[PDB]
Every structure is written in structure tokens, then in C-alpha cells.
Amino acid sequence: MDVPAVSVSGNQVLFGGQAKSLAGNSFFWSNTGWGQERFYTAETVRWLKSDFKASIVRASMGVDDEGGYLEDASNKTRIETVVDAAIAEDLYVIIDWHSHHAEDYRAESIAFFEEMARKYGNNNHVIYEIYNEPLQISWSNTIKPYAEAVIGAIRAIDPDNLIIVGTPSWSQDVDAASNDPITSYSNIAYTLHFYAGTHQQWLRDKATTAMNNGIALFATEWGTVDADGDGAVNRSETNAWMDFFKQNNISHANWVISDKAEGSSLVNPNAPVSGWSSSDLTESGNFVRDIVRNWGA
């Protein structure tokens, strides 16, 4: 095994037994026709590894909207392209069921994650993210029962690899999850998402409570801009979050590898799929490249 195994002990996600924070980058919605398919390539993964010094990539598979996995198996193929490349490159890779409604498609999630666990669960690289961003729904009554069903299905095949579970309110309410944690399975962490224009110390305080209640967090998506993925790059608030992640050994992936005309995109419209120069990178992209490159200092 050429990368260390990911596990959880108390409020820390460990890599080969070590508490630390790793950094990387999320792909956009995989959905056919949404414009960002062209970045789901081995070339792009290699460039993130070499030039961003990324440790993690996140493959964000659309599920239930037009063009998503429920309608079009090509979404899975794009995920596989990135997973295979991450394994070959000795990067961690998150397989993200990129839904806001996963409780409505429990059987389909189970079947997908069983397939992924069969294909990939003996690789230490692979991490499962079973529910991107629940909405304003109950942790105990809606998310938790979905999550226990999917986790049990994964764990029957793949006993060890990390599973990360979304939390209420766009993966903000990690404190609610921490009040009724998933104790019946090992190596479970919980999702925290922030955007620097929208979520400030109040959300850090909720995350701090969650960790001090005993659960481990993984910041599988965050942006430099506003929560809608557009707006001004907010350096000072981004940097306050980065300091909080480094202090608390929380790993993270930035939104997003995309050339869509919105502030969160790493690259300008029509940029090449890899090899990005500073003119190819957006204001966010240039700043994120510096954060991820220097993360290991």
C-alpha cells in the first residue's frame, strides 16, 4: 500500500495514524451538459499534484438533476477517470455523491457505493462522501438513517476506508450531528462546508463544538467567495479559515476546478485543461494555488 490509510480517532481524521491537515481541490458537478466535463482527466489530476502540490482531489458526481448519474452513466465514468488517476498518482480521492436530496434515492446510493467499494476499497487512496449538502432537514430523523444504511452497505465490503457524512444546512450543522453521532461504525467523519464571503466565526464556533463533542470533521468543499459560488475573493476570511483548519488538523478541498464565469472557478473561460499560467487562473485560482502549494510548510 503506497499511501497511508485514512482512519478516525476521536475528533481527528488520521493518515497512517497521524493527525494532520491535507489540502486539495474539488472538481465541478460532473453532469453531462453542464460544461465542466472536460476537466475530469488524468492530465488535470497530474497537474494538480505537481503544480498545486495537492494531496486530495474530489470527484463531485451529480445525481438527481438533469444530466446526472441517475439519468446518465457517463457521470460514473468521469468519477472513475479521476479515481484511477488519483490512485496512479498516489493522491487521495473523494468520491462525492453530489446531491441535496440523497434521502430520496437511498437504494441508488447504496448500489453505487457498493460498486465503488468493490472496485476501489482495497486502495488506501479512496474516500467516500455519501451526501454532499443536505438541506434544512433533520439529522436524526432523515440524514442519519440514510447514512447508516449506506455506511452499513459500504462496510460489509470495505471495512476500513473513510466515509464522510453530510450535515444539515449545506453541511453547516456539524454540531447537530455531533449530538447524535454515528457510533455503530468505525472511520466515519462529518462534512463541514464554508464560503469566505458568507460564513465567519459563528460557523467556526459550531465546528469547534462538534469536535469537542467528539466527532471528526472534513472540509470537503469550501470557497473564497460567497456561498453561491460567485462574488469577491475574501482573503482575510479565507485566511482565518485556513488557520483554523491548520490548528485543528482539518483536511480540505477548494471549490472549484471549472472555467464557468463565476468567482469560485480556478480558471478563466476557455483555459486549457491543465498547465495553467497565472493568466489562465482567476483571482481565486491564483490565491488557492498559493494556499495549496504552501500547505505542507
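Just count from 1 along the sequence shown to find any residue number.
Read off the CA B-factors in the entry, average them over 223 to 231 and over 109 to 117, and name the higher stretch. Per the PDB entry, the higher value belongs to 223 to 231.
According to the deposited model, is the average Cα temperature factor higher in 56 to 64 or in 35 to 43? According to the PDB entry, the answer is 35 to 43.
Between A102, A86, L192, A156, which one tops the list for C-alpha B-factor in the PDB entry? Each of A102, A86, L192, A156 was compared by C-alpha B-factor; the highest is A156.
Please rank the C-alpha B-factors of the chain's modelled residues and tell me whether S264 sits in the lowest, middle or highest third. Highest third of the chain for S264's C-alpha B-factor.
Split into thirds by Cα B-factor across the chain's modelled residues, where does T77 land: lowest, middle or highest? For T77, the deposited C-alpha B-factor lands in the lowest third.
Relative C-alpha B-factor of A271, binned into the chain's lowest, middle or highest third: Its C-alpha B-factor, which the entry lists for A271, ranks in the highest third among residues of this chain.
Within this chain's modelled residues, let me know which third the CA B factor of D175 belongs to: lowest, middle or highest. Middle third, going by the recorded CA B-factors of the chain.
CA B-factor ranking of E148, expressed as a third of its chain: Its C-alpha B-factor belongs to the middle third of this chain's values.
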